[PDB]
Amino acid sequence: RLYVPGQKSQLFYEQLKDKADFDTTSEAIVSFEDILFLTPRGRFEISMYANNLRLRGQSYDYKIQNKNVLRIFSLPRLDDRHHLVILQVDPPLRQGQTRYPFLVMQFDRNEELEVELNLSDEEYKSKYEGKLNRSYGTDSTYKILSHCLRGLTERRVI
DNA sequence: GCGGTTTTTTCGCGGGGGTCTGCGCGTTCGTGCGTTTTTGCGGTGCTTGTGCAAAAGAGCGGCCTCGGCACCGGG
């Protein structure tokens, strides 16, 4: 990864791409950017795969297997403005000494997101039909995330 | 309750610019890592002490017959 300052990186990319005809690719069934975690404290991108969940953070990357997710809680905060999504993980995530058996995410209730799943029509029909929607309309981010987590981990949302 | 005065509430329109907001970088304060000084329950070795086969003679107590006497009744 290069950092090219100035208004310059797009021209640099175009020349390189044209030189060897580089073809862009798309991975991860679904990604959610800029999610606020209360525990661990910080902001994380959540990338979901068939067998595993990735949390990408500026200082810490975590790979959680879908089997290690024991429980999903979807709980409204009493402030009537934020919604909490809570993951119980076993083994608990580690940052050094004390650990994170619970991941606490905080959403705004008014935050809406539109998301298309990165799946082929044959794989969707065979594995995910009736578990996931092919496209989610502009609904609240925490609902889409809770449904995706339910479909991929096969855990009931509490 | 009924009639009076006339204030200031409600109605609408135009213009100004302070406040909200998109965007960026930095930092300071929230959160985890590690520790200080001390409290508490955990156990032991040892101290101090407890409830669980005839034969025979010798000696003895009870006992009984008996000796012998004093006594009642009468004159």
# chains A, B, ... in the order shown; residues from 1 in each chain; ligands from 1

$ residues_around --residues "residue 153 (chain A)" --least-positions-apart "2" --cutoff "8 Å" --atoms "only C-alpha atoms (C1' of nucleotides)" --output "list in words"
residues 66, 67, 69, 149, 150, 151 and 155 of chain A

$ closest_atom_pairs --of "chain A" --to "chain B" --cutoff "10 Å" --atoms "only C-alpha atoms (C1' of nucleotides)" --output "JSON lines"
{"residue": "A:39", "atom": "CA", "partner": "B:31", "partner_atom": "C1'", "distance": 9.7}
{"residue": "A:40", "atom": "CA", "partner": "B:31", "partner_atom": "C1'", "distance": 9.0}
{"residue": "A:41", "atom": "CA", "partner": "B:31", "partner_atom": "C1'", "distance": 7.3}
{"residue": "A:95", "atom": "CA", "partner": "B:32", "partner_atom": "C1'", "distance": 8.2}
{"residue": "A:96", "atom": "CA", "partner": "B:33", "partner_atom": "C1'", "distance": 7.7}
{"residue": "A:97", "atom": "CA", "partner": "B:33", "partner_atom": "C1'", "distance": 7.0}
{"residue": "A:98", "atom": "CA", "partner": "B:32", "partner_atom": "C1'", "distance": 7.7}
{"residue": "A:99", "atom": "CA", "partner": "B:32", "partner_atom": "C1'", "distance": 9.6}

$ write_last_selection --atoms "N, CA and C atoms" --output "mmCIF file, in the first residue's frame"
data_model
loop_
_atom_site.group_PDB
_atom_site.id
_atom_site.type_symbol
_atom_site.label_atom_id
_atom_site.label_comp_id
_atom_site.auth_asym_id
_atom_site.auth_seq_id
_atom_site.Cartn_x
_atom_site.Cartn_y
_atom_site.Cartn_z
ATOM 1 N N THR A 39 -17.141 -2.100 23.355
ATOM 2 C CA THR A 39 -16.283 -3.135 23.943
ATOM 3 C C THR A 39 -15.909 -4.166 22.872
ATOM 4 N N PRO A 40 -14.641 -4.285 22.391
ATOM 5 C CA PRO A 40 -13.531 -3.354 22.707
ATOM 6 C C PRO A 40 -13.821 -1.917 22.239
ATOM 7 N N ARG A 41 -13.392 -0.899 22.995
ATOM 8 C CA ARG A 41 -13.636 0.531 22.640
ATOM 9 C C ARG A 41 -12.916 0.813 21.312
ATOM 10 N N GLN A 95 -6.806 -8.861 23.971
ATOM 11 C CA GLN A 95 -5.999 -7.642 23.645
ATOM 12 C C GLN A 95 -4.709 -7.694 24.488
ATOM 13 N N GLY A 96 -4.510 -8.731 25.324
ATOM 14 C CA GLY A 96 -3.341 -8.850 26.229
ATOM 15 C C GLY A 96 -3.660 -9.635 27.503
ATOM 16 N N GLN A 97 -4.092 -8.976 28.592
ATOM 17 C CA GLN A 97 -4.393 -9.626 29.908
ATOM 18 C C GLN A 97 -5.897 -9.949 29.991
ATOM 19 N N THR A 98 -6.732 -8.957 30.332
ATOM 20 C CA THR A 98 -8.208 -9.173 30.409
ATOM 21 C C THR A 98 -8.750 -9.402 28.995
ATOM 22 N N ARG A 99 -9.944 -9.991 28.874
ATOM 23 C CA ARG A 99 -10.438 -10.353 27.518
ATOM 24 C C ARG A 99 -11.807 -9.741 27.204
#

$ residues_around --residues "residue 27 (chain A)" --least-positions-apart "3" --cutoff "9 Å" --atoms "only C-alpha atoms (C1' of nucleotides)" --output "number ranges by chain"
A: 30, 49, 118

$ write_last_selection --atoms "C-alpha atoms" --output "PDB file, in the first residue's frame"
ATOM      1  CA  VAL A  30     -20.962  -8.401   3.051  1.00  0.00           C
ATOM      2  CA  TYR A  49     -17.509 -14.649   5.141  1.00  0.00           C
ATOM      3  CA  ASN A 118     -21.696 -10.553  -2.953  1.00  0.00           C
TER       4      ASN A 118
END

$ atom_distance --atom1 "CA of residue 137 (chain A)" --atom2 "CA of residue 120 (chain A)"
18.8 Å

$ select_by_dssp --residues "chain A" --states "alpha helix (DSSP H)" --output "MDAnalysis selection string"
chainID A and resid 9:20 121:123 141:153

$ select_by_dssp --residues "chain A" --states "strand (DSSP E)" --output "ChimeraX atom specification"
/A:30-39,41-48,52-56,61-65,69-76,82-94,99-108,112-116,135-140

$ atom_distance --atom1 "CA of residue 33 (chain A)" --atom2 "CA of residue 47 (chain A)"
8.4 Å

$ decode --residues "region 40-153 of chain A" --atoms "C-alpha atoms" --output "compact mmCIF listing (two decimals), in the first residue's frame"
# COMPACT_ATOMS: atom_id res chain seq x y z
CA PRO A 40 -13.53 -3.35 22.71
CA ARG A 41 -13.64 0.53 22.64
CA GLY A 42 -12.96 1.66 19.04
CA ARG A 43 -14.20 1.72 15.42
CA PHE A 44 -14.20 -1.44 13.28
CA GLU A 45 -15.06 -2.59 9.79
CA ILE A 46 -17.02 -5.89 9.93
CA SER A 47 -16.38 -8.18 6.91
CA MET A 48 -18.54 -11.37 6.85
CA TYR A 49 -17.51 -14.65 5.14
CA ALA A 50 -19.16 -18.10 4.84
CA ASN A 51 -17.14 -19.64 7.76
CA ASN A 52 -15.77 -16.57 9.57
CA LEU A 53 -16.33 -12.93 10.63
CA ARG A 54 -13.46 -10.40 10.39
CA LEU A 55 -13.19 -7.23 12.49
CA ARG A 56 -10.68 -4.81 10.89
CA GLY A 57 -9.46 -2.05 13.27
CA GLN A 58 -6.73 0.61 12.84
CA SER A 59 -4.61 -1.13 15.52
CA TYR A 60 -6.15 -4.64 15.78
CA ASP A 61 -7.51 -7.16 13.28
CA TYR A 62 -9.65 -10.04 14.62
CA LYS A 63 -10.80 -13.24 12.86
CA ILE A 64 -13.80 -14.89 14.61
CA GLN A 65 -15.09 -18.26 13.35
CA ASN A 66 -18.91 -18.41 12.91
CA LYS A 67 -18.91 -21.52 15.24
CA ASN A 68 -17.34 -19.44 18.10
CA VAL A 69 -20.36 -17.04 18.13
CA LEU A 70 -22.57 -18.47 20.91
CA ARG A 71 -25.32 -15.78 21.14
CA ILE A 72 -26.49 -12.59 19.40
CA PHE A 73 -28.41 -9.94 21.40
CA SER A 74 -30.26 -7.04 19.72
CA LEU A 75 -31.25 -4.61 22.50
CA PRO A 76 -32.59 -1.00 22.36
CA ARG A 77 -30.78 1.49 24.65
CA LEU A 78 -33.06 3.35 27.15
CA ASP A 79 -32.00 6.71 25.58
CA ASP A 80 -34.38 5.83 22.66
CA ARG A 81 -31.72 7.01 20.13
CA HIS A 82 -29.13 4.17 20.02
CA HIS A 83 -29.56 0.38 19.44
CA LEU A 84 -27.07 -2.20 20.87
CA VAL A 85 -25.98 -5.37 19.05
CA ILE A 86 -24.03 -7.73 21.35
CA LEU A 87 -22.04 -10.84 20.37
CA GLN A 88 -21.06 -13.52 22.87
CA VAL A 89 -17.80 -15.14 21.62
CA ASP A 90 -16.09 -18.29 22.97
CA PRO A 91 -13.06 -18.30 23.15
CA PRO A 92 -13.18 -14.60 24.29
CA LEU A 93 -11.30 -12.09 22.14
CA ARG A 94 -7.88 -11.06 23.55
CA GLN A 95 -6.00 -7.64 23.64
CA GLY A 96 -3.34 -8.85 26.23
CA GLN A 97 -4.39 -9.63 29.91
CA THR A 98 -8.21 -9.17 30.41
CA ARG A 99 -10.44 -10.35 27.52
CA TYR A 100 -13.70 -9.59 25.59
CA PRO A 101 -16.25 -12.42 25.99
CA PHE A 102 -18.88 -9.90 24.79
CA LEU A 103 -18.57 -7.54 21.83
CA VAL A 104 -20.86 -4.51 22.26
CA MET A 105 -21.72 -2.55 19.09
CA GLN A 106 -23.63 0.77 19.21
CA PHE A 107 -25.81 1.94 16.25
CA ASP A 108 -27.93 5.04 15.73
CA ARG A 109 -31.61 3.97 15.29
CA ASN A 110 -31.94 6.44 12.36
CA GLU A 111 -28.88 4.98 10.55
CA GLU A 112 -30.14 3.33 7.32
CA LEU A 113 -27.98 1.23 4.97
CA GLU A 114 -28.61 -0.43 1.58
CA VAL A 115 -26.57 -3.62 0.99
CA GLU A 116 -26.34 -6.16 -1.83
CA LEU A 117 -24.80 -9.55 -0.96
CA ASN A 118 -21.70 -10.55 -2.95
CA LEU A 119 -23.03 -14.04 -3.91
CA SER A 120 -23.62 -15.88 -7.20
CA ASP A 121 -27.30 -16.75 -7.94
CA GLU A 122 -26.47 -20.52 -7.82
CA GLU A 123 -24.73 -20.28 -4.39
CA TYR A 124 -27.52 -18.05 -2.99
CA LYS A 125 -30.30 -20.52 -4.06
CA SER A 126 -28.40 -23.63 -2.88
CA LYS A 127 -27.08 -22.43 0.57
CA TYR A 128 -28.70 -19.12 1.67
CA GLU A 129 -32.29 -19.10 0.29
CA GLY A 130 -34.69 -18.41 3.21
CA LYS A 131 -31.69 -17.53 5.54
CA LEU A 132 -30.50 -14.27 3.87
CA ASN A 133 -32.06 -11.67 1.53
CA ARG A 134 -30.26 -11.17 -1.85
CA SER A 135 -30.55 -7.39 -1.36
CA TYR A 136 -31.54 -5.47 1.77
CA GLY A 137 -33.46 -2.23 1.08
CA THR A 138 -32.78 1.05 2.94
CA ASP A 139 -33.56 -0.35 6.44
CA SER A 140 -31.90 0.32 9.82
CA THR A 141 -28.20 -0.86 9.82
CA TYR A 142 -28.58 -2.84 13.09
CA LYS A 143 -31.52 -4.92 11.61
CA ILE A 144 -29.58 -5.79 8.42
CA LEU A 145 -26.50 -6.69 10.51
CA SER A 146 -28.59 -8.81 12.97
CA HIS A 147 -30.22 -10.70 10.04
CA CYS A 148 -26.85 -11.30 8.29
CA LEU A 149 -25.35 -12.57 11.60
CA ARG A 150 -28.40 -14.88 12.09
CA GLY A 151 -28.12 -16.27 8.53
CA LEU A 152 -24.31 -16.89 8.62
CA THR A 153 -23.89 -18.09 12.27
